[PDB]
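Colleague: One structure is given below, represented as structure tokens, and several questions about it will come after.
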Amino acid sequence: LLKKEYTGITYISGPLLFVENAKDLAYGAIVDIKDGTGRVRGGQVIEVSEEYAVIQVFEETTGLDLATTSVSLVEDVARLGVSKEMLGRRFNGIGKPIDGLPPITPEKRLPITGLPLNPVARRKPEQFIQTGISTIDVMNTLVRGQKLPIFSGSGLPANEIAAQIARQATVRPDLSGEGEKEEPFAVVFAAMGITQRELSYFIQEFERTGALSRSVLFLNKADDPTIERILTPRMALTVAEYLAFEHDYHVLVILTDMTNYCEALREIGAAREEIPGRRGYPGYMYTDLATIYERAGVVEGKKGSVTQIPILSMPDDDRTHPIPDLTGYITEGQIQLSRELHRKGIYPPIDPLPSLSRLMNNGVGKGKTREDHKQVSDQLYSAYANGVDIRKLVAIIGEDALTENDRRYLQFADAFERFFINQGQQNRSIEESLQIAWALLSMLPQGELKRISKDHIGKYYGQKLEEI
Amino acid sequence: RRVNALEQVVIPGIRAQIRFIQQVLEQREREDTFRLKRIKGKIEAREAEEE
Amino acid sequence: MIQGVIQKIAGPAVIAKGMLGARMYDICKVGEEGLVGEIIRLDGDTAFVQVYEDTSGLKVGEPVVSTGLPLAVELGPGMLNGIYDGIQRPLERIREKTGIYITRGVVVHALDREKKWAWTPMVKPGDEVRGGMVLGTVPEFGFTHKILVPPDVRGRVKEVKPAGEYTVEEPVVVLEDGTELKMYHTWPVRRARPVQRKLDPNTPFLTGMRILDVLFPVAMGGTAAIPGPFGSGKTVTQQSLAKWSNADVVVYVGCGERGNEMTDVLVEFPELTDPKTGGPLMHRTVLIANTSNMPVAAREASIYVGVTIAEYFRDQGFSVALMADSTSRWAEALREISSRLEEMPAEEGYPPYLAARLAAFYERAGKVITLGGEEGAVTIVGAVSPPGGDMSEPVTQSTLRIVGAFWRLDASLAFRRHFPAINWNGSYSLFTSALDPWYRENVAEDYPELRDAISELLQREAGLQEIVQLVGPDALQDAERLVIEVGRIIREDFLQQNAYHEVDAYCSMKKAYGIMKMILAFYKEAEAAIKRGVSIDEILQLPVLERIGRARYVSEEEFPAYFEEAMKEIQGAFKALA
Ligand SMILES: Nc1ncnc2c1ncn2[C@@H]1O[C@H](COP(=O)(O)OP(=O)(O)O)[C@@H](O)[C@H]1O
Ligand SMILES: [Mg+2]
């Protein structure tokens, strides 16, 4: 196909440049900007009119001039070339290999913004995932097709939790009989503004596990241009959707530090002087975040599935910050790490009370896992809440004024926090986690367990702690 | 009892109130400078109709 | 038709030129793909069009064609048991044409033109017909659908088709001036349908939740708002209201929320049973779906489409319940359109006319006498999603001035899994006084007395909650520790309700009255025993307390026998006590 070039630049300021006679540039097209030194920059058309067209640049504008710069069209819609040979490769976040191998041969070209799934075409996610963490498996269980972010802190070890989850996740078909074999997950890893220290840890963990041979990595380091941070998750989700819904793979998507994505969006929104929001963020952040989150799930009539574990850091541990607030309105739950638990050496420091999973209620019950799952979970939540309240009361009055029942609740809380949450690198099964949960519930009298029916009580009761 | 109550209950609520009021005032200031940024541009666009 | 070309494209807003003669709020077709748009501003030779579809890939110079008509919906037989897009397009018909993805530019009829409907005339030649009169009846899924005259049509009947089977677009009645009346008509979504008179609500709208039906009632034809942060339980509360309420027809509008929540309704509902008839639950439900990643500008149209359908079903003599999944997304759509229009924001970027639109939306509810002389009512329940749980935001404050009820959710109760997590201190209802005569003769003659007696107990417990937390529960006298324990019993055994249990998800009024009676009797007997000088611990260890705790799990069948035994056991245990 023939190429066309426009040389009528009129105005350059910051990330934006104006092209005068560009009447036939489609809205949303991708252009290539070349200066007198031969360097090539990318850009996207963001406003087209009769008088001119407005183009934002994917990186800095140093070196451009109005006399020798020319803008050439590439494609009308931003597209990515996908293929089955991309498993085991590394990319720079704009589709170029970093590993030094030759580029792939595309099978299809797909738009990076994707298309919305028809709600009629979806189906309910139902397959329970055993991750090996008791605070997740029992009380915040994960289902194939769920988006479940991790609410990290400034210095909390969320990366280790994500690596451990990716290392141990399995579907356990024997508890349901709906299949066999050991069909493993494919992993798509997207990093936005990551530094060398965490990138090294992730790379060594992936090579030690051996799962790097079936994973695709999109890496945008912290010194890369900031506008590339916008495009990075979209291509990763495009690859995940293509693999899952055209080759029956079960993929798992990990997005690292989407707080960097939110500041990247805020920078462009401030440059485009659009109307801000609660803390200077643009007013359309909800829609942009929804165009990323809502690309997961399962589809009726197809075997594939997409699962997302985003990672984000709460600024100053403030849960009312706009980024965690808008994340909580879209995703199907959250996992929140506690700094107080991390201070006393508990690993993983998952906080049970603010954590939540909305798809628990169709992934566990009769015919999958066990029938006492939900009642045990509810009783554990209620008892832990009472224990926390009593412990807060003790810090004011003192232990000397405590009723013996409140003493039992406090001992239950201090045993729960010490034995259930704290597990290290141990790979606990679901049955072992339920055994530990029933062992902790025996510290209370049978009259307290109002959340559990009398059918299960007696069938499991009175066991002591056997994990040493 | 009084020392523990003052340490554990009274101070954090006061500090949260400080943070909330500070955020509200800062957000109002941002809304107010946005209008000035629009009005300066309108002034610049007015005196360019026929120079 | 007025025809022009595109001049400037910027996001969801397109400016055309050469459109001199176009009218405000008319529907245009933009581009070679025929995307749907609407005029919101006229300026000389130009016109400002907001597009309800994705505008990526458009180019300057493509034609724009004006249709000369505002946004309208097709009202007629066949809307039930369906799911619709934000501009009334059947998604199950889009699937068979586009696959698993929703592509733009698809045109489908709203009502099925192929199906045959059984027609039974009621009018005869020579009769005079006015707006809102009934021409005939058509059967449906257990309902009788009435073919109404359009509200602006008057004249005399010339001829009527006899009984038989016809499609929706075959003229059944022809007027004397040549006007042809079909089974369906179109109405602009931005205009309210006329009525004769509006009446005062005097009957309850039963939701099946104890705390909402007892402490903060809402009448048939009123409005309510349920604000709350993320994870509080707005969607479970609205889906339970869809499942268990006594409304004849339920309209659910998923304005800008998750798509999995819309698939859950499509899967679960065709199996469940209608509370007031033997048919499936989906046969009485209309779904309008516009998820979060679907186009932004279409969020505004979905609310109007839903409220117009609900108003249409009101005119037939039914009782309609309308549930809006979130109005903050509608406010955000208005904010984005105003940002594209370069208007001056009032607060938080919101346009200054938000309170007018919200007022116009909530006004349409109420109990009316229709143009046909029948009786109908519409009740609206709308959820609000404040950022960070701040109840002082403009959207929440604009809503509270109009609504008759205010159900406030709290994150603290949701943390300890105390669902439905309704905060009983900040919530209020203004329909309690009007519904007392109905309660006195349909439930019991002493029901308001019990309701007040429990309200005072909750207030006293909240008062003592200022003392206990820093002084110590054992420093109080037993006359207040008894109040604390009774408040705990009320909080855990009466107010709490599990929406996912087999039995507890639905609760009739008489069961709640029985639980209230049991709790008050226990309180009075415990006070008498305290006046006898007995220690409180022997009362808290009494075995009769477990009867009250397990009471809400007793089924509706077993309850009239369980209640008598529990009532006898309470008195027996408190007399056998020292
Ligand atoms: N009445 C209820 N009974 C049991 N669980 C509830 C109830 N209401 C809410 N929940 C819990 O709340 C969680 C999600 O609430 P949701 O409806 O998503 O609130 P929102 O839509 O406002 O975020 C669900 O996982 C559910 O377990
Ligand atoms: Mg919801």
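Including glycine, each Cβ sits where the backbone N, Cα and C put it.
Residues or ranges marked as ATP binding site in Swiss-Prot (evidence: sequence analysis): C:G228, C:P229, C:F230, C:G231, C:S232, C:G233, C:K234, C:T235.
Describe each of these features in terms of where it is and what it packs against.
Modeller: Around C:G228 (ATP binding site), the same-chain residues six or more apart in sequence whose CB sits under 8 Å from its CB are C:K234, C:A383, C:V384, C:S385, C:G389, C:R408, C:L409, C:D410, C:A411, C:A421, listed in sequence order. For the recorded site, C:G228 (ATP binding site), the DSSP three-state label reads coil.
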Colleague: For a quick check of packing: other C-beta atoms within 10 Å of the C-beta of C:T235 (ATP binding site), how many?
Modeller: 18
Colleague: From C:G228, C:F230, C:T235, which binding-site residues have a C-beta atom under 6 Å away from some atom of ligand 2?
Modeller: C:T235
Colleague: Are any of the binding-site residues C:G228, C:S232, C:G233, C:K234 near chain A, where near means a Cβ under 8 Å from a Cβ there, and if so which?
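Modeller: Correct list: none.
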Colleague: Can you tell me which of C:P229, C:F230, C:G231, C:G233, C:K234, our binding-site residues, come within under 6 Å of ligand 1 at the Cβ?
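Modeller: Close enough to ligand 1 are C:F230, C:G231, C:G233, C:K234.
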Colleague: Given the binding-site residues C:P229, C:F230, C:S232, C:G233, which one's Cβ is surrounded by the fewest other Cβ atoms within 10 Å?
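Modeller: Checked C:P229, C:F230, C:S232, C:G233; of these binding-site residues, fewest Cβ neighbours within 10 Å: C:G233.
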Colleague: Which one of these binding-site residues, C:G231, C:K234, has the sparsest Cβ neighbourhood, judged by other Cβ atoms within 10 angstroms?
Modeller: C:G231
Colleague: What other residues of this chain sit with their CB within 8 A of the center of the CB atoms of C:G228, C:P229, C:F230, C:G231, C:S232, C:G233, C:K234, C:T235, the recorded ATP site?
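Modeller: So the additional residues around the site are C:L409, C:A411, C:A414, C:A421.
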